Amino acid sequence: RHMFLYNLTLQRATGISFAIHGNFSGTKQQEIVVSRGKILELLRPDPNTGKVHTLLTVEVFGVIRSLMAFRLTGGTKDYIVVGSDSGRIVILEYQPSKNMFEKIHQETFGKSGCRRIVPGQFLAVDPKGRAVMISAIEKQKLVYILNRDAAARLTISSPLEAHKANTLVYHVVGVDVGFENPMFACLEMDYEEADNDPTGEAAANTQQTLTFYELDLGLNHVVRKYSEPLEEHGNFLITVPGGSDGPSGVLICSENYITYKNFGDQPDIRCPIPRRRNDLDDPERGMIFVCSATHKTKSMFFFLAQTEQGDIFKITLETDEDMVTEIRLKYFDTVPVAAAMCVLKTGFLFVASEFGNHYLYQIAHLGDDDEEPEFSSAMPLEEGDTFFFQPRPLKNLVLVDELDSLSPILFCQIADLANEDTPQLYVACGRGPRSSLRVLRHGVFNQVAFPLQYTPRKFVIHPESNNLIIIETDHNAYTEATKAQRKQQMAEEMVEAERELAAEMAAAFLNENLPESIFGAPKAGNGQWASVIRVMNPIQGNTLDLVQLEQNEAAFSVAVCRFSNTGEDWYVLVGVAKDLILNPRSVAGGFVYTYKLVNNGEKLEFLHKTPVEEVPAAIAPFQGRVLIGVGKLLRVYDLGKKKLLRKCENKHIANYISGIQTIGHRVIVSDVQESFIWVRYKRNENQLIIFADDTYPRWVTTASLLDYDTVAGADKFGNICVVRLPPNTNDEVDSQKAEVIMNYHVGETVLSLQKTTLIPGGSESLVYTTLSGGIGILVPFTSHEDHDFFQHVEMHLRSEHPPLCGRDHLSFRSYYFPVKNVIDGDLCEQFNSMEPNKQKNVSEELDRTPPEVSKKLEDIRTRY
């Protein structure tokens, strides 16, 4: 009845949003600090074995938005500066003896949450560790001065204001100006003029500026020195070394361009980004860099810039009399799109991909010896003309390690399909050509992965054969047929230009297929789509059947059902949308493809397609007939020999339907913006009637009915709610408001919820799987004694062991709605991580011993 839950993360988030490298141990070994989102991890790649070992993992109970390392003059261990959602700046030092992060400094300045004017999003540091700037998206910018003391302990100062009203920051970076006054380059833009002109001229004429904030240490104040308008809007900045190690300045990466700028008499040196030879994407589409990496050596230095397609270019600069001459670009390699790249010493490269697994390669050859074309800014070029290069497999990098990553999980179902006593977790995840369906078994989690064509959206299990029916949909992607057609049209255009050599080149280009899994699927066309239906055996992962779809058709719903009008034959309906152009949302129509599952769920045959007004986003079987959510309309459809007939419908759903789940004679509609709506359908009279809604709106992503009068839902903002209809609720009434009995904030957008039991014989639990790669569970309480005990544990952990990045745990778990009857077990299990004194004190507060509390936590762990 009463829902008192206990949250426990079984599988930590494996995605990565930030990755830095440095000597955080204080020795010659180089380690890597990464951010999984709400988790700070410290990894160490062993150069001998070439494998990455995880040394520390801490749940910070916040939202890490900026992460960077620095060192003071004469130091031997890099510190860690973290920008969070806390309105606090945090500096930490890893201690290998105790194996933990020690909070060296924590300075407050603003309010909590990822706010728009409160700093935390952007973090720059002076290359000599003398100062660190923390900036927001708007106006507010703060500069802290760092120093040492007698015992070589880091000391921080009061913040210096550097705000400027109506100023949007694109990127901040510290400039290497040797041991001069520290400086920070900012990609800014002033919008004051835009909002005061109703013609729109000011917005089109206001251009992005590059400004320099100089921190005078003698006068001890920050001044906005220089500010130069930029030609085209740059997307991020790179610090080129200065002082005695380089010529200083900044590198700006924009659309189809990279520029070098520096204050003084130094001119601007721009260079166009080389485009892929015989590129398959839309010509109107631009090309930018997604991340960067800098490697300094006693001799020289270089940069690594990865494009949207995944091509890594090595960049060097020519200098004469401390003045740059040109920008030399050379195709280095091609790996999946990374959020951060770390070029470590001892010849290695750690690549943390934005989605999918991460990799660690070995740098064998720098690449200068190769005959491959090097491009420069001094080369003449027409304004529209850009360079061209040929991509090829790995030549300078050799993969020495791969780190598994479940992110991004788009759907998950827990079921026993291998006929073992313990069920397995079937997780459809991955993005684009790197998507996959993975089977997870515990007995930590062991996993196996079967690749997929595109990004999966949903999948259902066939009860008579346990085979999976996957739908894979991607936006602005190209179908196989249209891909071949584009290749053929390009080959036709190639010969119209020596003609014997052109035909040979066209034939060689036609006969060569770059693997999309490693080279990125050539996807373009803002209005185009790509969808594929697939059948797969869950034991060996063999594709039993595959159906490609039309160029402008996007699948969004799937279900396997038996119809009353027919026998026990199995049908499969797939809802599809045509010409879906989102933001601004516009659509033509929708179709529902119907197939007949034959040969005990091994292949399907096309029956008929049923057209419909808008997008059929949800399909749920309702005993004899079926239920379909087309736009804001919820209809019942009966199977006809020709098409699908609408026997009844309701059109009072306020907004777009995203999911539909039915139990008994009831059906739960999941609005995109509003919460759940309860509809009852009498067999007689044939009409769906709305009889209950919610008092709070919720951006629902998935749901799972727990019993007849309850439901549990996941939010778009990383929340989990559990609501329940009031007692004595009849279905023949018009207005009912559902009571919210549980609210919780996980910090990661949950996309799958399911009530099940992992280990047979254990307590029933509620498993959730989120978009960030994590898997968690909620366990209900049995007795009030255990509930009060764990509640007191949570209370004392909130005060004695506060979150690492200055966030308030009770506020973090109440990000959008206040916590209601959920105990955070990830905070409780940190009892074993405290010092013995605090453990003894808190245990004496609860009238027991630290080992007894550890044993209780381990009992909860083994229960599940």
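The first residue of the sequence shown is number 1, and the count goes up from there.
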query: Other compared entries missing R499, a third or more; finding: yes
query: Deposited-sequence gap flanked by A497 and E498; finding: 4 to 9
query: Size class of the missing deposited segment between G762 and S763; finding: none
query: Greater mean Cα temperature factor according to the PDB record, 144-152 or 632-640; finding: 632-640
query: Segment of higher mean CA temperature factor, 773-781 or 192-200; finding: 192-200
query: Out of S17, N23, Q11, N841, highest CA B-factor residue; finding: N841
query: Peak C-alpha temperature factor (PDB record), options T211, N599, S112, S752; finding: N599
query: Ranked against its chain, the third holding the CA B-factor of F184; finding: lowest
query: Ranked against its chain, the third holding the CA B-factor of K296; finding: middle
query: Third of the chain, ranked by Cα B-factor, where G243 sits; finding: middle
query: Chain third (lowest, middle, highest) by recorded CA B-factor, residue given as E568; finding: highest
query: Third of the chain's Cα B-factor distribution that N446 belongs to, per the entry; finding: middle
